[PDB]
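Scroll down for the structure; my scribbles are underneath it.
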Amino acid sequence: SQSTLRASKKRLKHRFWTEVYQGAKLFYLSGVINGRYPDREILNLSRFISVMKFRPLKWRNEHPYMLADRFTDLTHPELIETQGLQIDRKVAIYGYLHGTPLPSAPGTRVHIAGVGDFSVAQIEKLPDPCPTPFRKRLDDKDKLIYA
Amino acid sequence: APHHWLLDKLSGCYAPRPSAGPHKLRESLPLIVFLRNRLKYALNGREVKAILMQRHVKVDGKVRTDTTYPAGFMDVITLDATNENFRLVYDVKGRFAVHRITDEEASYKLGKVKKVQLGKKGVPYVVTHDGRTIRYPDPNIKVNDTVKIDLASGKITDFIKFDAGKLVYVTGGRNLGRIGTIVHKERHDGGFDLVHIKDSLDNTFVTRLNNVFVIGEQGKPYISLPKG
Amino acid sequence: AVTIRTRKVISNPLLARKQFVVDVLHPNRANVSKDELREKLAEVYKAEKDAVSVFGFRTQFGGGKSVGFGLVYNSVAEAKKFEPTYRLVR
RNA sequence: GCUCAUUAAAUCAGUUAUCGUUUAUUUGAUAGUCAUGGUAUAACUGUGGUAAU
RNA sequence: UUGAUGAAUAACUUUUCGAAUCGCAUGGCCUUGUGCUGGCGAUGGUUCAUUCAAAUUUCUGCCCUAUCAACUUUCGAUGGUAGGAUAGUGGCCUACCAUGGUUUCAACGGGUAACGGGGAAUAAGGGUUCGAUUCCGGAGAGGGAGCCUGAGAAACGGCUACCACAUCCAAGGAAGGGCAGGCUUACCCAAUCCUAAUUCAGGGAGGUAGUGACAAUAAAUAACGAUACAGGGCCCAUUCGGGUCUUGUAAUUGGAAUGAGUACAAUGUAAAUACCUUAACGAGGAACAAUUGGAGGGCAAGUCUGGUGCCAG
């Protein structure tokens, strides 16, 4: 029945708008039917996340933060074989900075969420692996992932 | 949609357009309106198609298989079912009227000549209003006269010259489609001849000489007019 | 059981069929389930069910009755020739 | 089929006139003046070029 | 007077057609070969007419204006004739020839927000004159210009340049024309009509359903009864006070009804969704558990502030 379905739809909009609503827009996915969704719903999803126009927030413009893309340990295995898995490991981490400029003099202290208070030891930027291009569509060569 | 079809405004948006044919398109009544709509023989538009392909209907001595086939004034429409013969005749109020006739009356029709000349190799010919051109007519047959047609062949069995004081049907104009048997013939600028008409109540009415169709003598009409 | 009344029994020999408006009376039941009428409209005549065709049943409001249109052909092989395909499948 | 730039005897409305014209389709008429000629497209068979059609 | 009759020659052509077309009937004569002959159609095809058109055309009928009286011959204006061009008329075009045209009866010129107007067309069975539909008029498909097919186009879902964009390249070349949105790319050809060789096939014509509650409407959240226990409940009054009465219960309790949901079929439809109809369930408070808004008091081994004890705030 659509009428019990449509009544359940407005019960979920008028629930969700009590908490979030800035113009908030939730929409309806069809089904997982083949490990995948119909392409119109994926387009309307990818449309709605492309017109989002984010505001900046108060905590994010005071604290330099980043998300770790890939995790790398840089220790000699001879340090590991001698000291016998007791060592605290020299670790290189990779990510995109955010928010405010993280100062490049090594020695600022900086906190992994869920590990503890650490400090930086050596800084190095790189060319980013996913560049923005440099009223046309994107060429499919230029849409590009990094995983 | 025109006036004389007696269609409702209901039952579907688009009006069934007429095909090109013998009659004029504004004078025509298509067979789709004739079967499913006024005579109520069929229901859907597709049901008209099944009647035509099985050749139930014959119009004026021909098979005549077409959905939007233009039927006009004075057309013998013979249906092989029921042994009934139909002749279209216009009604005074502005509309067409389907009419019952006999087998002998389904044999003949009347036809107004529109133009007469001399054909090739010295042959006279007259051209009826239904576009039936006929070789070797009577030289008495001249413009605006009616022609009785055999319909077994294309031959002419009777002819009535246009003379004042004979029972006239009107095909066109404002006062289109009455009896009234003649007052006289007027001349005017540009032609525009107004053949005057005085009805059963003896009232003057005025249409064009183009609209004049002689349906009989003072007294007798040659065809069975519908009485009501 | 059910009871049927026929109004405007009109014969159309072009399609070689008996048309009529069907006036179906529902004393208590719910409805009449058109296959049951194609049974009952057959045996009121000689029809051998599939030479009848009932389609236009819109109910009297509140129940109790339904009005529609019935097409009874002759020569049952003609039902394949003149009926539409969406009534052959019913 | 969509979109941009405003016309006062022009448009439009009816009316003729087409013996002033052209018309595929529609319909109606209508011709007395070698058991088989001669060609012809390809597909195909295989070789290649060209960043590419 | 009555009737009745009349009013092809000679040549030419980048020689067109005169059927190397099809279906039913299978018959007739003699030198008997599968010979000779022979019926009804159908389709072409020439020309004519017809209609669907299209092209010009006749005539009558538009809003304001003299603070526009002359206008035109100042791209022919009026006409004659001849040629050309065209499907054809034609000053359409050009030669040559005449000086005319419209006008106080308003020519011509100007204003028109000409979203205003057309009975173009039904419409509203009392909303007082409401509706919808159709018609505007012109131009364009990046801009100019020239062309080709076709009954129809001076066609941008064609070619040739030019001007300007703009994409692919291995640098030799190749190729291409904005539209919706901001401050559903679903189902269907049934109905409808259209298209076609045409019952069939097809139409993002057309209909169906989705995101789109703004606003506005008719319900429901409970009916009904017994028993028990208490004696007090309400009204008016500025104070004293007065008035009147079967009223009250965080009390037990009995059945009987029902749709808000839940849930088979049938109907509907092209198929559905939905409505309609209809079984099977489905009410006792922690339920199948509506809110917003106002008025008013009370409580602590509480806190704070003031005070001529225990109070006032």
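Identifiers for the structure tokens are assigned positionally: chains receive A, B, ... in sequence, residues are indexed from 1 per chain, and ligands are indexed from 1 in the order shown.
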DSSP strand (DSSP E) residues within segment 70-216 of chain B, as a VMD selection string: chain B and resid 70 to 71 76 to 79 84 to 91 95 to 101 109 to 119 123 to 128 133 to 135 146 to 149 156 to 160 168 to 170 197 to 198 204 to 205 212 to 214
All alpha helix (DSSP H) residues (DSSP, backbone) inside chain C, as a ChimeraX atom specification: /C:35-43,79-82,85-88
Distance query segment 47-63 of chain A at most 9 Å, only C-alpha atoms (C1' of nucleotides), self and fewer than 3 positions along chain excluded, as a list in words: residues 25, 42, 43, 44, 98, 99, 100, 101 and 102 of chain A; 182 of chain E
Chain B residues near chain C (9 Å cut-off, only C-alpha atoms) as a list in words: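 Close to chain C, chain B has residues 41, 42, 46, 47, 50, 51, 56, 79, 80, 81 and 82 of chain B.
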Export of the given selection (N, CA, C and O atoms) as a PDB file, in the first residue's frame:
```
ATOM      1  N   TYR B  41     -23.371   1.542 -34.635  1.00  0.00           N
ATOM      2  CA  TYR B  41     -23.151   0.159 -35.039  1.00  0.00           C
ATOM      3  C   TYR B  41     -21.910  -0.419 -34.376  1.00  0.00           C
ATOM      4  O   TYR B  41     -21.882  -1.601 -34.014  1.00  0.00           O
ATOM      5  N   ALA B  42     -20.887   0.400 -34.186  1.00  0.00           N
ATOM      6  CA  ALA B  42     -19.643  -0.019 -33.565  1.00  0.00           C
ATOM      7  C   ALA B  42     -19.427   0.776 -32.287  1.00  0.00           C
ATOM      8  O   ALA B  42     -20.142   1.747 -32.024  1.00  0.00           O
ATOM      9  N   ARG B  46     -11.479   0.931 -33.580  1.00  0.00           N
ATOM     10  CA  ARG B  46     -10.993  -0.281 -34.225  1.00  0.00           C
ATOM     11  C   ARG B  46     -12.139  -1.128 -34.758  1.00  0.00           C
ATOM     12  O   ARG B  46     -11.959  -1.894 -35.709  1.00  0.00           O
ATOM     13  N   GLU B  47     -13.320  -1.015 -34.150  1.00  0.00           N
ATOM     14  CA  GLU B  47     -14.444  -1.827 -34.602  1.00  0.00           C
ATOM     15  C   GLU B  47     -14.968  -1.356 -35.948  1.00  0.00           C
ATOM     16  O   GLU B  47     -15.619  -2.126 -36.660  1.00  0.00           O
ATOM     17  N   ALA B  50     -12.898  -3.383 -38.587  1.00  0.00           N
ATOM     18  CA  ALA B  50     -13.299  -4.762 -38.842  1.00  0.00           C
ATOM     19  C   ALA B  50     -14.519  -4.841 -39.749  1.00  0.00           C
ATOM     20  O   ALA B  50     -14.691  -5.831 -40.469  1.00  0.00           O
ATOM     21  N   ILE B  51     -15.366  -3.813 -39.736  1.00  0.00           N
ATOM     22  CA  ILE B  51     -16.541  -3.814 -40.600  1.00  0.00           C
ATOM     23  C   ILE B  51     -16.139  -3.527 -42.039  1.00  0.00           C
ATOM     24  O   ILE B  51     -16.639  -4.157 -42.979  1.00  0.00           O
ATOM     25  N   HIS B  56     -18.748  -5.159 -45.464  1.00  0.00           N
ATOM     26  CA  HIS B  56     -20.180  -5.091 -45.206  1.00  0.00           C
ATOM     27  C   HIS B  56     -20.812  -3.908 -45.920  1.00  0.00           C
ATOM     28  O   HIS B  56     -21.875  -4.039 -46.537  1.00  0.00           O
ATOM     29  N   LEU B  79     -25.834  -1.102 -47.040  1.00  0.00           N
ATOM     30  CA  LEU B  79     -25.236  -2.039 -46.109  1.00  0.00           C
ATOM     31  C   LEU B  79     -25.771  -3.422 -46.438  1.00  0.00           C
ATOM     32  O   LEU B  79     -26.988  -3.616 -46.518  1.00  0.00           O
ATOM     33  N   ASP B  80     -24.856  -4.366 -46.658  1.00  0.00           N
ATOM     34  CA  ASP B  80     -25.252  -5.692 -47.114  1.00  0.00           C
ATOM     35  C   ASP B  80     -25.950  -6.469 -46.009  1.00  0.00           C
ATOM     36  O   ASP B  80     -26.828  -7.294 -46.281  1.00  0.00           O
ATOM     37  N   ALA B  81     -25.572  -6.223 -44.760  1.00  0.00           N
ATOM     38  CA  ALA B  81     -26.345  -6.737 -43.645  1.00  0.00           C
ATOM     39  C   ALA B  81     -27.679  -6.007 -43.556  1.00  0.00           C
ATOM     40  O   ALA B  81     -27.817  -4.865 -44.007  1.00  0.00           O
ATOM     41  N   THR B  82     -28.679  -6.711 -43.021  1.00  0.00           N
ATOM     42  CA  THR B  82     -30.069  -6.317 -42.768  1.00  0.00           C
ATOM     43  C   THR B  82     -30.885  -6.077 -44.034  1.00  0.00           C
ATOM     44  O   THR B  82     -32.108  -5.917 -43.922  1.00  0.00           O
TER      45      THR B  82
END
```
Within 12 Å of chain C: residues of chain E, using only C-alpha atoms (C1' of nucleotides), as a ChimeraX atom specification: /E:190,199-200,265-271,275-279
